[PDB]
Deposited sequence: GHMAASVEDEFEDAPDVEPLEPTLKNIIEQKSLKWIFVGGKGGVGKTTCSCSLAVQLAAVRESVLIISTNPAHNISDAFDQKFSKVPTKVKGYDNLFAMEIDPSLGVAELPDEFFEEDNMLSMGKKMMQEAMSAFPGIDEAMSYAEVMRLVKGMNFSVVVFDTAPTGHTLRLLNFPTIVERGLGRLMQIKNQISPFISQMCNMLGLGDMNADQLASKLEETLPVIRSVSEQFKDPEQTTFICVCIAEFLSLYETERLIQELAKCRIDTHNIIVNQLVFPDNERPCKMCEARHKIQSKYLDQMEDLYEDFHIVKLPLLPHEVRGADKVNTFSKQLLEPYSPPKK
């Protein structure tokens, strides 16, 4: 009766392009996103993973450092990874043949200095990379290891507010060559907004742990996404504990009791959501092999032996 507790729908939904993994901090956004990307790489022609979170961990997750430009992930042929760069475009080496225009020099200096450290720069740069992708279409699908619920929601809202602002501007366009640039941007802006608002094009994977704080942070995140009308029809319960009846211990038993309570609460609350349950593993989930093994159970419904 209930929806299958697997991400099988995500794999089968081939039209899906933009995949967002988010939730409370430390739940496993990075690991789950890497696992999902690995699973997709076995189906799609080429998949990218972007660490929009300023505290990038995909390098640690895959045990292989990644630059700010997509790079093939070791051990895979069509899987790429990148970390968003808060800093603006680097300054090209001046020719120096002629005295540089101080106005543009200082404009670019401020552009690369002030807003580089501005609090909202990270999400804005992530959005800029999204625009670049909507201009490129180089990768079949892209998976975003987003920051926690708050900043991820800010990022997801940014396209809507920016599109509204550009629409207002174009209304005020009638009342100095930037007009062409605005008209060039606006198509890309509605394109990104439309893709984000289309369930067939994108979906948000909410990853959470069986605890009060994580549970209700995930609930708030889901409601905010519904306000943003971003489709989200699956949750990843992570770090679950399954006691071994042979040699049980108090810690594991109590943790299992708590997690069972909050997981029953989740299942009652999240009907019509593919709730895929990921057990806590006794080994570090890092490196291509471990990540692939973890993803294998991410797709096959885990059941304790």
**Fill in**
Stretches of the deposited sequence lacking C-alpha coordinates, in sequence order, are 1-17, 193-211, 342-343
